Amino acid sequence: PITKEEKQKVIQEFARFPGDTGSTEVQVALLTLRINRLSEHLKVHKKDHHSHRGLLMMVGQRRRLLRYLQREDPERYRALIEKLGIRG
Amino acid sequence: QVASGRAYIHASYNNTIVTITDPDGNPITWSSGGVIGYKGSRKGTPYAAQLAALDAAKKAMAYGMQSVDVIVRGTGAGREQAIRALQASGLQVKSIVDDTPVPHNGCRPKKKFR
Amino acid sequence: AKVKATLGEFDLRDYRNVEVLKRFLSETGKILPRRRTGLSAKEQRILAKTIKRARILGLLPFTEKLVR
Amino acid sequence: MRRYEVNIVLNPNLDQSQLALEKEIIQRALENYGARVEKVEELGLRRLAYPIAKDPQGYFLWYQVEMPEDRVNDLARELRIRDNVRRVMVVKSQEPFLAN
RNA sequence: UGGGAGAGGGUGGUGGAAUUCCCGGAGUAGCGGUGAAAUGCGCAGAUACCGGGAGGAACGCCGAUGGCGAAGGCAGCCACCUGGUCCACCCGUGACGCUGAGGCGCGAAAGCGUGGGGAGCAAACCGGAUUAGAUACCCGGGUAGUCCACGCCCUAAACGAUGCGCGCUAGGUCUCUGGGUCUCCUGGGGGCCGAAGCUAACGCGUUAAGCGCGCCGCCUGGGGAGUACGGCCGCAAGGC
Ligand SMILES: [Mg+2]
Ligand SMILES: [Mg+2]
Ligand SMILES: [Mg+2]
Ligand SMILES: [Mg+2]
Ligand SMILES: [Mg+2]
Ligand SMILES: [Mg+2]
Ligand SMILES: [Mg+2]
Ligand SMILES: [Mg+2]
Ligand SMILES: [Mg+2]
Ligand SMILES: [Mg+2]
Ligand SMILES: [Mg+2]
Ligand SMILES: [Mg+2]
Ligand SMILES: [Mg+2]
Ligand SMILES: [Mg+2]
Ligand SMILES: [Mg+2]
Ligand SMILES: [Mg+2]
Ligand SMILES: [Mg+2]
Ligand SMILES: [Mg+2]
Ligand SMILES: [Mg+2]
Ligand SMILES: [Mg+2]
Ligand SMILES: [Mg+2]
Ligand SMILES: [Mg+2]
Ligand SMILES: [Mg+2]
Ligand SMILES: [Mg+2]
Ligand SMILES: [Mg+2]
Ligand SMILES: [Mg+2]
Ligand SMILES: [Mg+2]
Ligand SMILES: [Mg+2]
Ligand SMILES: [Mg+2]
Ligand SMILES: [Mg+2]
Ligand SMILES: [Mg+2]
Ligand SMILES: [Mg+2]
Ligand SMILES: [Mg+2]
Ligand SMILES: [Mg+2]
């Protein structure tokens, strides 16, 4: 699972200001962490379709957040995808 | 020879088979509804089971046995009658136990039983 | 005349307390329904899980012959 | 780094020397699989409800252990290879749930 | 951030009950089956009983008008990996939302391909009864298949025969699961009876089939017919 320590490390890494926990960048970073871990799980557990539906839901949510960020701040959007290696 | 034995009663819906065994489970004698001159559905009647139990117990006394522990398997029509006949045949019935085998959701039954 | 009623406080997750847990079994070694026992549904679920654990461990029985 | 309870049932007709030998092998497995002991109980010889290995009694051991999760399935396997070990059950420790 | 319940999913192990088979013991005149029988099995020693061993498949009691899941579906127990969802705090972002033609993924059973496995059951098949006949219903056998891995197939009374989202409109009662000021109040599920309203009626009725808005799908008499032709998909069966 994902422990509180790595989650807090990500939150501090991507937050704009110290007390920030729900900005677009932080949400995208947490979604990317979950997606990476779940895809690693699914590379071994191929017949795990029920988890794969959740992965699809996560990918869609991140796509919506990225679209909003790109539409409201192109510089922030480009910096975030460069830092996360999202494009592809 | 032994004065203590076991009485197995196997009461299916078609027949009742009674066996007398030594305390190690090795049979000494047995009797069924067909051993008395019954055939067909009459083998399943309670009276046939009573006669089979009486016959098996009589053979057991002829062997020189006085007490039997009764084990009943199956839920046929002649179950209670056979048990009572053993109770009043000339043998000391210390205990009666039910040991019908039931699966813990095991093999698939035949169509008639589904 | 309820198993829960005639007892003190005890752990519902304890799979080694044979004396307490055996009170929740019928004469033939079968788990009692909520009618006989008196626990709630969640408590009954925990009791059934612990009883099965103790059955596997070899303490409580799976089945016992019926004696008239 | 998670808590587990390890229940072991062995041969009841095992002498003191062989019992200590098997205890040392169990401890060697525990250390080899990175488990830290927090409590130990030894209830001894108890009468089983049904025969195990055609034996009506069993010798019981109960360890409280703390170990990384990924090794738990390995350790248990190592505990099942010995011919004198009758039962091995490892469970996750749980807080007591109280009736009444 | 802190907690909860759960047959939600995948992988690896292992517990007993029971059926079958084999070995040994003991023992004898039938067993089995039906409405009644017969085929069948059995003195070359069956059935019933005891002990030992092997193997496969399914998990009794708990257990439910119960729970989980988008649907199909999910039930011994243990460990690991993983999805959804609920409550409390009212902390952060700042409309980032809803729906969705095509696309992609999933999708009971049966079926198909290549390996494995095979106890029980059992399409086809064989025999016995029944009957005017009995290509059935009942009985004795019996092969695929049912199980596992991988790959296909993509259908159903895939049903609540009720698309999804949001708001508004008396209550009463049963139940699962949270929080609290634990009499009681306040969330989230699952049922029953009923205001107003609706409906051809049956019935529905805060889990709407009421009152409204948004977006999608579908209908236009019955048969011909989910057929033909064309096209696409499939190894095939066949699907759209
Ligand atoms: Mg008969
Ligand atoms: Mg013969
Ligand atoms: Mg024999
Ligand atoms: Mg075999
Ligand atoms: Mg599902
Ligand atoms: Mg889900
Ligand atoms: Mg705030
Ligand atoms: Mg502001
Ligand atoms: Mg909207
Ligand atoms: Mg469209
Ligand atoms: Mg399918
Ligand atoms: Mg189905
Ligand atoms: Mg299938
Ligand atoms: Mg096949
Ligand atoms: Mg025929
Ligand atoms: Mg005729
Ligand atoms: Mg047949
Ligand atoms: Mg058959
Ligand atoms: Mg076959
Ligand atoms: Mg359905
Ligand atoms: Mg419809
Ligand atoms: Mg409609
Ligand atoms: Mg729609
Ligand atoms: Mg409700
Ligand atoms: Mg209600
Ligand atoms: Mg109702
Ligand atoms: Mg109503
Ligand atoms: Mg209602
Ligand atoms: Mg209408
Ligand atoms: Mg018209
Ligand atoms: Mg067509
Ligand atoms: Mg064509
Ligand atoms: Mg083709
Ligand atoms: Mg068609």
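Structure determination for this entry, per the PDB record, employed cryo-EM and reached 2.13 Å resolution.

**Q** What's the story with the interface of chain C and chain D in this structure? I'm lost.
**A** When the parts of a complex come together, some accessible area is lost, and that lost area is often taken as the interface size. Counting residues at the interface gives 22 residues for chain C, matched by 20 residues for chain D. Elements represented by at least two residues in the side of chain C that touches chain D include exactly β1 (10–11) and α3 (41–57) of chain C. Sorting elements by how many residues they give to the side of chain C that touches chain D places α3(C) first, with seven residues. Its residues assigned to classes, the side of chain C that touches chain D shows 11 nonpolar, two polar and nine charged. Of the strand pairs in this sheet, β1(C) and strand β5 (residues 98–99) of chain D are connected by two bridges, and their pairing is antiparallel.

**Q** Whenever I open this one, the interface of chain B and chain C confuses me. Can you help?
**A** Contacts between the two partners involve eight residues from chain B, matched on the other side by five residues from chain C. Area buried by chain B at its contact with chain C is led by B:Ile96, B:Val97 and B:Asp98, which between them contribute 53% of it. In this structure, the connection of chain B to chain C is made through two salt bridges. The closest approach of N and O atoms between C:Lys65 and B:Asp99, which form a salt bridge, is 3.1 Å. Here chain B is connected to chain C by four residue pairs in polar contact. If you list the elements that add at least two residues to the side of chain B that touches chain C, you get α2 (79–87) and β5 (92–98) of chain B. Pairing between β5(B) and strand β2 (residues 66–67) of chain C: two bridges, direction antiparallel. Of the residues in β2(C), the one forming a bridge with B:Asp98 is C:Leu66.

**Q** Got a minute to help me understand the side chain of B:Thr29 in this structure?
**A** Here B:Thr29 lies in strand β3 (residues 27–32). Looking at B:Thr29, the relative accessible area reads 8%, which means it is buried.

**Q** So what exactly am I meant to see when it comes to the sheet that holds strand β4 (residues 85–92) of chain D here?
**A** Strand pairing in a sheet is mediated by backbone hydrogen bonds. Such pairs are either parallel or antiparallel. Residues and elements named next belong to chain D. Here we have four strands laid out as an open sheet, ordered β2-β3-β1-β4, and antiparallel in their pairing. Of all the strands in the sheet, just β2 (36–52) and β4 have a single pairing partner and so form its edges. Taken over all neighbouring pairs, the strand axes of this sheet differ in orientation by 20 degrees on average, direction set aside. Looking at chain direction, strand β1 (residues 2–10) and strand β3 (residues 55–67) are connected through nine bridges and run antiparallel. Bridged to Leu10 within β3 is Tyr59. Sitting on the sheet, helix α2 (residues 72–79) touches β1, β3 and β4, and the angle it makes with β4 is about 165 degrees.

**Q** What is the right way to read a nonpolar patch on the surface from this model?
**A** A cluster of nonpolar side chains, contributed by B:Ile17, B:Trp30 and B:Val35, occupies part of the molecular surface with about 280 Å² of accessible area. For B:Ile17, the location among the structural elements is in strand β2 (residues 16–21).

**Q** Just to check I follow, could you spell out the packing of aromatic side chains for this structure?
**A** If you walk through the whole model with that rule in mind, you get three aromatic pairs over all chains. Look at B:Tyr38 and B:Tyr47: their rings are 6.4 Å apart centre to centre, the planes differ by 45 degrees, and that puts the pair in the tilted class. Residue classification places B:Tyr38 among the buried positions, given a relative accessible area of 19%. Ring centres of C:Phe62 and D:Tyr50 lie 5.4 Å apart, and the angle between their planes is 55 degrees; on these two criteria the pair is classed as tilted. One end of the pair, C:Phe62, is in the loop between α3 and β2; the other, D:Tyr50, is in strand β2, on a second chain. Residue D:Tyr50 is classed as buried on the basis of its relative accessible area, which comes to 18%. One residue, B:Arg42, lies across the ring of B:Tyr38, its end atom 5.5 Å from the ring centre. Here C:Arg53 stacks its cationic end above the ring of C:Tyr15, 5.9 Å away from the centre of that ring.

Reading the values: the criteria
Residues numbered from 1 in each chain as written, not as in the entry; some residues may be left out. Chains lettered and ligands numbered in written order. Part of a larger assembly, values for the part shown. Heavy atoms only, no water. Residues with missing side-chain atoms left out of burial classes, pairs and counts. Contact = heavy atoms within 4.5 Å. Helix = DSSP H or I, 4+ residues; strand = E, 2+ residues; numbered from the N terminus. Nonpolar A, V, L, I, M, F, W, Y, C, P; charged D, E, K, R; others polar. Pairing = 2+ DSSP bridges. Buried area = accessible area lost by both parts, 1.4 Å probe. Salt bridge = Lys/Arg side-chain N within 4 Å of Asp/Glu carboxyl O. Polar contact = N/O pair within 3.5 Å; in protein donor to acceptor, adjacent residues only side chain to side chain. Buried < 20%, exposed > 50% of the residue type's maximum accessible area, 1.4 Å probe, protein only. Axes fitted to C-alpha atoms, helices over the stretch in contact; angles between N-to-C directions. Patch = residues over 30% accessible without salt bridge, like charges linked within 9 Å, V, L, I, M, F, W, Y side chains within 5 Å. Areas by Shrake-Rupley, 256 points an atom, 1.4 Å probe, with all protein chains shown as cover. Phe/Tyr/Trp six-rings, centres within 6.5 Å; stacked < 30°, edge-to-face > 60°. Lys NZ or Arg CZ within 6 Å of the ring centre and 35° of its normal.

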